[PDB]
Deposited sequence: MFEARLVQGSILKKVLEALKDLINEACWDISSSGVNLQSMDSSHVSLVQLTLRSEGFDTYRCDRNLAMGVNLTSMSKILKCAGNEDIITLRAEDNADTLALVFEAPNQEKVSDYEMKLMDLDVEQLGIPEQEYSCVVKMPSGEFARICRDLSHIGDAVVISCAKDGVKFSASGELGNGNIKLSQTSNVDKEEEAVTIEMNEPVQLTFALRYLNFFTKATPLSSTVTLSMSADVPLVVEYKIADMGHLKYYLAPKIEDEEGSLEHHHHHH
């Protein structure tokens, strides 16, 4: 039996909205330490990693480790049936043939109870070696979303050049070209060991920014030749990290 109660149920609503466009199906690894999800998109160009720590929940119990296979579109649909101030409880029996989801409000007048079928997935897990990066940019999440949206109307790739004093985003296509310069100051801060210059597919960045409602800040971590990390903190709980392989 697994059971986790989250009073700030809107966190789960936003997590699923931030996932369902990038990936269809994923395995939720539950253990006594928390919830972990790790999945590559079908094209193997990006990977998303979700961490929700045990201690972030209001009640949390894992009698035994589980790997639930979930259609994220279906779970997304169910979570749209929760109000933004609902208390959300997740709950899975020994068999784990279904995931139960309970939506409540402190006044308790509407209680909703959903049962969704799980599925069998090759749970293929993978690891990320904790590194430091040449450049780490912390900036408002809304600003980064706007940059990625605007530049995607210029071209389909963005060159991210990071220096000690600022970060630039550049794109070009048939219309012409464009460059957006951000200065270190809604703070923009840059921790740089060395300069970097990387190119990334804008279509994937615009999937990542569906996580923007989870945090007013976003962090970009870059080094030569390695995937970009785009991380949104889920306050008092964990994070949503997106990995994007550079071009060439």
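Against the full deposited sequence, the model leaves out several stretches, namely 186-192, 256-269.
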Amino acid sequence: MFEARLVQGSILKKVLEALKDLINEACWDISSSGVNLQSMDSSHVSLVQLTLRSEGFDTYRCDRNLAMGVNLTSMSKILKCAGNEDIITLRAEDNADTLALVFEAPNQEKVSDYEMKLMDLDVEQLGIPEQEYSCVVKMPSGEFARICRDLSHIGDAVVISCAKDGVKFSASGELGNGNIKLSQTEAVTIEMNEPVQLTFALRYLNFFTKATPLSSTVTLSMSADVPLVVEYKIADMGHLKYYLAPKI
From here on, numbers count along this sequence of modelled residues.
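Checked against the record, the higher mean CA B factor of 160-168 and 84-92 lies with 160-168. Taking the PDB entry as given, 100-108 carries the higher mean Cα B factor of the two stretches 100-108 and 141-149.
Set against one another, the Cα B-factors of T209, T59, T219, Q197 in the record reach their highest point at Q197. The entry lists C-alpha B-factors for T51, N193, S215, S39, and the highest of these is at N193. Ranked within its chain, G178 lands in the middle third, by CA B factor from the PDB record.
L202: CA B factor lies in the lowest third for its chain, per the PDB record.
Per the PDB record, residue ranking by Cα B-factor puts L72 in the middle third of the chain. Compared with the other modelled residues of the chain, the Cα B-factor recorded for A235 ranks in the highest third. Ranked by C-alpha B-factor against the other modelled residues of its chain, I78 falls in the lowest third.
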